[PDB]
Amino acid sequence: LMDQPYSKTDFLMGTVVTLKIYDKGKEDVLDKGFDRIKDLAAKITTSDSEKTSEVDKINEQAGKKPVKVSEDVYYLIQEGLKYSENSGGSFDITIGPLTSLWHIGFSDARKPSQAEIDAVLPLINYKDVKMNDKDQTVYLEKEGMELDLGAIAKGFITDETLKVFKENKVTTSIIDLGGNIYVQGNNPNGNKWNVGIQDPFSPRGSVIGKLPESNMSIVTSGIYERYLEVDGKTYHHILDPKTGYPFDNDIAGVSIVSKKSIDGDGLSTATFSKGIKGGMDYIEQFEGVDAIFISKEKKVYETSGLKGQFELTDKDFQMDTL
């Protein structure tokens, strides 16, 4: 193991992405990782006017005909439908018509009018996604429907990147896709990795504290990471598919700790829909999954798996308990 890792940085999917590998001799696995990330993102993205992705193709054939898709996309949509069901539809990968409408995080983001929202809500229904395992085809049942895999793409890509790493016998590494961290192995000095917990009020990278972790995903969401501002008001990018407006409750930010990064992303949105007290309860129903919640009043909560493990460093915040 090396003290200083092999490191590469890029800007993809609208975020800074960095990979670090500490195993001597494996510098070329960084390119294998970024290659994989780029291949997955090209299949998944809807927001490239120059290329038609598999997701784009599914969307343009809504109500028309099923679409042959690759194993990567078929798999990701299957998992998205499970998270959709498991969430009670507060998370729904068919939110596409609604997220296209606000298009938060792009220079043309806007607050649509209620009448425009009302027109797209009847299109949001994960149950209208028709999978065929035999054919490996995906069919949206009604015209107008749009898939949006945004809320699970970085988790899936992280896990797929780790698979690339393990295939090349990488043992110690850090994968950072902006709002997703995976830490593999331990620090070369033998300690667990000290994972920063994001300060939801400050730019990405600022932290309120550290959580020691090894071989774990940490996924972070917050009310200010991608948002729109108009008339002195803020609209973040995690939308209520039943309302058309961003979830409004006491959560400022949440970091979810799990074995798989996709479960991190997956569980993120149903957690936002439930608030602090309800989101902790939801997370307590999932074995091997925990969370640190940060409320709008700057108080910090741990689920049972994590109780007493977060090390708070920012005095503006305070540990609290239900």
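Start at 1 with the first residue shown and count on from there. What we label the rigid core is the largest C-alpha set whose atoms superpose within 1.5 Å from one form to the other.
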Handout entry: Positional deviation of Cα atoms in 4 other deposited structures of this protein after core superposition, greater for 115-123 or 229-237
Key = 229-237
Practice task
Using RMS Cα distance over all structures and residues, flag whichever of 82-90 and 248-256 lies farther from this form in 4 other deposited structures of this protein after a core fit.
Solution key: 82-90
Problem - Of 230-238 and 118-126, the stretch whose C-alpha atoms average the higher B-factor in the entry - result: 230-238
Problem - Between the two ranges 157-165 and 217-225, the one averaging a larger CA B factor in the entry - result: 217-225
Completion exercise
Highest CA B factor of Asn189, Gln184, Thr94, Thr243, as deposited, is found at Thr243
Practice task
Select one of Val195, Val73, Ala151, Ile175: the residue whose C-alpha shows the highest B-factor in the crystal structure entry.
Solution key: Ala151
Exercise for the section: Comparing against every modelled residue in the chain, figure out the third that the C-alpha B-factor of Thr303 lands in (lowest, middle or highest). Expected result: lowest
Handout entry: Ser255, C-alpha B-factor rank within chain (lowest, middle or highest third)
Key = lowest
Completion exercise
Assert third(CA B-factor, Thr269) within chain per record equals highest
Problem - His103, C-alpha B-factor rank within chain (lowest, middle or highest third) - result: middle
Fill in the blank from the handout: Chain-relative C-alpha B factor for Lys51 (record values, thirds): the highest
